[PDB]
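Asker: Supplied in structure tokens, the structure appears directly below.
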Amino acid sequence: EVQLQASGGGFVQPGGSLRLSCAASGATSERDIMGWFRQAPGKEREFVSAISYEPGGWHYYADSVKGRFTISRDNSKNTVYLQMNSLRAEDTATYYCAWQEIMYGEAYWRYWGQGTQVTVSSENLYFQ
């Protein structure tokens, strides 16, 4: 009943930065690991980054985005941020935020709502 909305996407050039965001909606002691996954059109889902939504929580990054991305949180605002730096053409996808939930004894990503589109490409190149 509670779904997470990713927001803050947009159009950027290679090497630019973007800070997506996602309100920790329905966060409890049971669901407190929000993962990020992106899906380029036509391609399969690709997990991106995760954070443990507890004090001292850890920060997981996939090898593709490691060193360039930086997950974080604001407890006062109850919001997780995904600070994207050194953006590349490969980061072009729709990004969602999801809560981890254990079903059938395995870790599942659940409760993702509206994604945020991100497009990374030059804008000052022309050819008829």
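Every chain in the structure tokens has a letter given in the order shown (A, B, ...), and although residue numbers restart at 1 in each chain, ligands are simply numbered from 1 in the order shown.
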If you run DSSP on this backbone, which residues of region 26-82 of chain A come out as strand (DSSP E or B), and could you give them as a count of residues only?
Answerer: 27
Asker: Which neighbours of residue 38 (chain A) fall inside 9 Å, counting only C-alpha atoms, when residues of the same chain fewer than 2 positions from it are skipped, and could you give them as a list in words?
Answerer: residues 36, 40, 44, 45, 46, 47, 48, 91, 92, 93, 94, 95, 96, 97 and 115 of chain A
Asker: Here is a test: counting only C-alpha atoms, which residue of A:85, A:121, A:70, A:7 is nearest to residue 51 (chain A)?
Answerer: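 Result for the nearest residue to residue 51 (chain A): A:70.
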